[PDB]
2 protein chains.
Amino acid sequence: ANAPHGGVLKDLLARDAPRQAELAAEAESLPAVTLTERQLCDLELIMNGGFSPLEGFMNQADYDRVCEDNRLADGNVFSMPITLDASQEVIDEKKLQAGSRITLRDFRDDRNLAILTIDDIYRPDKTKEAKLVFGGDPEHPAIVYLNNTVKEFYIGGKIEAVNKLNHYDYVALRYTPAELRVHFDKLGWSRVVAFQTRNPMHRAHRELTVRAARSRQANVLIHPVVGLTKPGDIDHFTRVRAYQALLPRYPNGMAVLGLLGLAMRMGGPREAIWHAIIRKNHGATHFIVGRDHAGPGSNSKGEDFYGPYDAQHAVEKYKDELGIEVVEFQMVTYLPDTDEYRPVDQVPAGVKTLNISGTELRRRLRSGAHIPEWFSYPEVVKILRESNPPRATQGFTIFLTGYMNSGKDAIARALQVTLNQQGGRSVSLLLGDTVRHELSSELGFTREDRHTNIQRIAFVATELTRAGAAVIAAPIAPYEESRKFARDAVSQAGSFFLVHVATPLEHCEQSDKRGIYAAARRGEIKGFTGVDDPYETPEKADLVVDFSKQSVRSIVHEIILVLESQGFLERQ
Amino acid sequence: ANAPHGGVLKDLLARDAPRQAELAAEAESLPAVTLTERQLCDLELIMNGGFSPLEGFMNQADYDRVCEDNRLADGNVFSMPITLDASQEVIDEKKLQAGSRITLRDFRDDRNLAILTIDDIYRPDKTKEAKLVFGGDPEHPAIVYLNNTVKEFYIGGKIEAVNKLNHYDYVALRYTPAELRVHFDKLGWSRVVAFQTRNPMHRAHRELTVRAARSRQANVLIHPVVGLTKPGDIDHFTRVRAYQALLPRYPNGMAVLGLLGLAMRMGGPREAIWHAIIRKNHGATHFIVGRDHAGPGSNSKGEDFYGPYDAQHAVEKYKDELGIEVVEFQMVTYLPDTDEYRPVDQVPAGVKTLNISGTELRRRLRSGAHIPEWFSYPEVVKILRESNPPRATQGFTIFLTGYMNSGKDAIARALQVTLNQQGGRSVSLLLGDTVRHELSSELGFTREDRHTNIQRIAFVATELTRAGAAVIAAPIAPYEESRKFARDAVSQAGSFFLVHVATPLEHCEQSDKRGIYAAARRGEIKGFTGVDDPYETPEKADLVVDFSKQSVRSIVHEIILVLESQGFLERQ
Ligand SMILES: Nc1ncnc2c1ncn2[C@@H]1O[C@H](COP(=O)(O)OS(=O)(=O)O)[C@@H](O)[C@H]1O
Ligand SMILES: Nc1ncnc2c1ncn2[C@@H]1O[C@H](COP(=O)(O)OS(=O)(=O)O)[C@@H](O)[C@H]1O
Ligand SMILES: Nc1ncnc2c1ncn2[C@@H]1O[C@H](COP(=O)(O)OS(=O)(=O)O)[C@@H](O)[C@H]1O
Ligand SMILES: Nc1ncnc2c1ncn2[C@@H]1O[C@H](COP(=O)(O)OS(=O)(=O)O)[C@@H](O)[C@H]1O
């Protein structure tokens, strides 16, 4: 191990252990504030010493010296603002003011975690934070969070610990700075290189780590983030399973896997200084920083937020103040002819190098294509495939919208039979009327009530899509707002296709065998779509059909052809 | 977890941690006694609380109450004598007497471990121990140890801790009662069934453990012995590797593997009470006792030392005093027709049951034959095969003995060429003269010097055999004593074959082209085998040949045929 940053490990949970009962009791009495997931990651690392010397959510004095000088008021280096935000309504409703004692509660199990004592309650310049800490790009994940999720005020204050967060996943692999230190001891280690990561580890990474181990004569701590990462990365359960598949590739007893409940910001260079501090608090003697450490890639105009290696420079600016040795690496690649990996600054400008990008990997994962062993070990690839299956087995939703009696309900049942013939997956059919009877029996037909209904279809459709089913829904869905809502939700889990059954109102009305359009026409049914209520025509549907000009059979054939072109009907 | 036996966990290492430096210094000054491997297992468990309430090697008061009442003088149950034996010569040479302070040293790295303060120094009745503790059979492993390894006197006394033993194998899987308890906590466990074992775990055992887990609503602690076990079991590195291959067969986070540095005695029933105590000290809430727990099978006259289930009765006699719940099991077997396992007391006397015995398993391992998956998981079997390979790849030693110039040296070189033709393994040729030049250049030809020489051949032959080589040695080897020594050593690692080149002395002498027999005959070489020194004719060799009647070629053919009949020349 190594000494904590600042000299004292701020293990608030060990400090306040003797007062637990009392603190608990006192916590039942104060006004409680319930934490967001990101504040819960921060609170966990504060309470266990991970953010030493910090020992509570930053007050303005501390905050400002970081927002601009990468230091805490006490002078210690610290590059990342760690604050507890709240809205004016909560500040008032709870009567929060300096010197107040609030309880911080776990939204997951309602437990009282800590008691914070307010120093101040300031309103920060979200623009200067945006710009001074996370570069300035509005597309940057941290900045987007800063504006859309972070409330208006920051409540600074020291923390006293009531309970350690509960976690039900991987408890034996989670460690507090104190526990990890005791472990390095139990193992008899003295020099430990820590490896940060928010992705599955491939061949190249196994090499960085063994290289660092060999060069610094150190043991390896694979220390992945399991809290919050970049917006769309592979879930942590898949990643942990992947890190575990990799362990057997190191010589017996050389590496140890320990999980870090950090909530990354993707602050590139700053986040890198921050990471070094954290690993030092956890007891690592060395820490790897490679290409694009903690970087979130590039923005929409294709410009990338930080340059490669900038984070290595930043962590370098404080070589003398960060009490942990950084081990640098340049992009590592594969040399086919020699069958080896090395940093680019070691390949003779004439030698052949291979590399599979993020995009190429997703392409192969999606298509079922082979992924080279020089790239990633077999057991790892297997795990990745189990989580990101090919289109051949992914679920999807076919969303149908059109006037009542436009043929959308017959098209839906035929598509269902057709896909059951096709065979790949379980097919769930949600006909407008079925949804109305089974899920929305009590809603009405007001714009708000219809919107609610379509949201209900989307909630169900998303869970079925996530389980790999083929969901077929055919409600009227008059408003573009509900439809886009539907599409956004399902898209979180898989493909969503909007098929607009644009059969003309006259046709629909003239063939209604249930005299519903009739009753509407004689005012027995108020606000009926097409007669009273509107029908916002879909602007950019994936497919437009007409039961006036095409038959159920060929409309079905057209939908099938779309699923086919995108690989959903391939063989599993 | 659960409370220690006696109420206080005797963690001598945690107790004396604050005095470490002082104790260390004082330990450099007292007369030190170096521990045997079994005393080192006992010392480790004493110092870490595993044997709580015990806190040193038993003095007579404690000893006697166990030798006969299964209790320590303080009344607590304790069925196994734990003592530190010494010989009169050490007791005198060191001047040990009551009130003396000796240092206990680790023979492995010379470290000073503990300081013992002598209460007494008594001479125990090895016959009453033999009989009252380990039944009475002279073939029993404990008893054989008691008489052949245990010295004459037992030195009783409390212990103070200087250093915890060092171990270089599996440090992350080794646990002290304190560490395991902290771990059960970290994992959030409360009820824990511990499983004792000194063998690889097969399908049947995975079932006992899941059954106990399900019935007592408990988590599983696979707690194998890694100290000293029954005389010929599978080495602990192979077993640990096997337990690790098994873990993935339990549902995620249900079992934990922790190693126990116990030195078993194979005391059946008593050892079982003992084990319950130990597991309780380690914090387990329940402990499994099955068929023949801690039993060492049967003696030579085929009578088995303890009956099945006797140990379950014994641990039952103290149900009220052992503060840990025993979970009993009757022989568990495989029901082919249903493909399931259950205790025999659940198979309808008409149902079909399958079982592979220890012998059948060794038979298959030795022959390369398939081992059913209903019996043992695939990954486990693989590991067992890597450690106990078929005769096809085992090493072996061909030991040749006969008069100087009997043809033994030509037979040896031809056998070498022949086996190199054959191909399976690396062949090491140790011709008498080569051994004499390379290993024994300075020995003479006195009975003692020859014996030393043959021991040197055996040391080298054993290591090569262990590495799977074919060793061919052809020294004269005049004395049966040396030859039996040779055979015993190699037999520890693989097969040893004695080929007696019984070519008659006249023939040998008459064809000596080096005039050595000549110089012996004219007294220029004193004590020459056959002329002066004797040649103890081999009584039970594996093969007897004569260069007078057979040719090198067919003698070689006869040896090859023997290796073949035993499976060494099969294909790998
Ligand atoms: N091919 C590579 N060559 C060198 N360093 C790399 C390579 N891939 C990743 N790294 C570095 O290894 C760690 C792996 O990072 P990732 O999990 O991809 O994302 S990050 O946000 O944690 O940096 C970071 O230190 C990163 O800079
Ligand atoms: N005011 C109404 N407008 C349209 N359909 C109605 C109305 N009142 C009842 N219905 C009936 O309810 C179903 C329409 O339900 P949905 O498709 O669920 O409509 S949506 O607006 O929420 O998309 C059809 O059976 C239709 O005949
Ligand atoms: N087939 C079996 N059925 C029931 N109990 C068994 C079986 N095999 C072993 N056991 C029990 O499980 C543990 C395994 O013991 P072994 O490693 O074979 O040897 S022992 O010396 O530790 O008992 C002991 O409790 C033993 O009694
Ligand atoms: N006194 C002796 N008896 C037998 N062989 C001898 C003697 N002195 C020298 N030699 C030579 O040493 C070799 C005998 O050595 P070994 O086979 O090593 O004998 S053994 O007694 O130790 O088995 C042969 O070369 C032999 O000619």
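Easy rule for this one: first residue shown is 1, then count along the chain.
Using N, Cα and C of the backbone, Cβ positions are placed for all residues, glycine too.
Noted in Swiss-Prot for the protein shown:
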| type | residues | note |
| --- | --- | --- |
| ACT_SITE | B:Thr197 | active site |
| ACT_SITE | B:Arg198 | active site |
| ACT_SITE | B:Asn199 | active site |
| BINDING | B:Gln196, B:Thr197, B:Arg198, B:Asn199, B:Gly290, B:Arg291, B:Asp292, B:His293, B:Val332 | ATP binding site |
| BINDING | B:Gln196, B:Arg198, B:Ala294 | sulfate binding site |
| BINDING | B:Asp433, B:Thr434, B:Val435, B:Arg436, B:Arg450, B:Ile476, B:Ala477, B:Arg514 | 3'-phosphoadenylyl sulfate binding site |
| REGION | B:394-572 | region 'Allosteric regulation domain' |
| SITE | B:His202 | site 'Transition state stabilizer' |
| SITE | B:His205 | site 'Transition state stabilizer' |
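Distribution of Swiss-Prot features across the structure.
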residue: B:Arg198; record: active site; DSSP class: coil
residue: B:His205; record: site 'Transition state stabilizer'; DSSP class: helix
residue: B:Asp292; record: ATP binding site; DSSP class: coil
residue: B:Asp433; record: 3'-phosphoadenylyl sulfate binding site; DSSP class: helix
residue: B:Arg450; record: 3'-phosphoadenylyl sulfate binding site; DSSP class: helix
residue: B:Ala477; record: 3'-phosphoadenylyl sulfate binding site; DSSP class: coil
Out of B:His202, B:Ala294, B:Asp433, B:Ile476, B:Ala477, B:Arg514, give those recorded positions positioned within 10 angstroms of B:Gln196 (ATP binding site), comparing C-alpha atoms, in sequence order.
B:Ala294
From the Cα of B:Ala294 (sulfate binding site) across to the Cα of B:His202 (site 'Transition state stabilizer'), what is the distance in angstrom?
17
Inter-residue Cα distance where the pair is B:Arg198 (active site) and B:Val332 (ATP binding site), in Å
17
Anything from the binding-site residues B:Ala294, B:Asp433, B:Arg436, B:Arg450, B:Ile476, B:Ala477 with its Cβ under 6 A from ligand 4? List those in sequence order.
B:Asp433, B:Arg436, B:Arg450, B:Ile476, B:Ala477
Per residue, counting other C-beta atoms within 10 angstroms of the C-beta, which of the recorded positions B:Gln196, B:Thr197, B:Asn199, B:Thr434 reaches the highest number?
B:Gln196
If you measure from the Cα of B:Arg514 (3'-phosphoadenylyl sulfate binding site), which of the recorded positions B:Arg198, B:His205, B:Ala294 is the nearest?
B:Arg198
Work out how many Å separate B:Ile476 (3'-phosphoadenylyl sulfate binding site) and B:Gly290 (ATP binding site) at their Cα atoms, rounded off.
53
Over all pairs in B:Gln196, B:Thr197, B:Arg198, B:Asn199, B:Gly290, B:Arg291, B:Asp292, B:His293, B:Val332, the listed ATP binding residues, work out the largest Cα-Cα distance in Å.
17
Of B:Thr197, B:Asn199, B:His205, B:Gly290, B:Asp292, which is closest to B:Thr434 (3'-phosphoadenylyl sulfate binding site) if I measure between C-alpha atoms? They're all recorded positions.
B:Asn199
Within its own chain, what residues at least 6 apart in sequence put their Cβ under 8 Å from the Cβ of B:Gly290 (ATP binding site), listed in sequence order?
B:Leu208, B:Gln312, B:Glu328, B:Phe329, B:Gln330, B:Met331, B:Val332
Minimum Cβ neighbour count within 10 Å among the binding-site residues B:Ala294, B:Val435: which residue?
B:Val435
Any idea of the Cα spread of the 3'-phosphoadenylyl sulfate site, B:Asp433, B:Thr434, B:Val435, B:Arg436, B:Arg450, B:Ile476, B:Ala477, B:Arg514, as a max distance in Å?
22
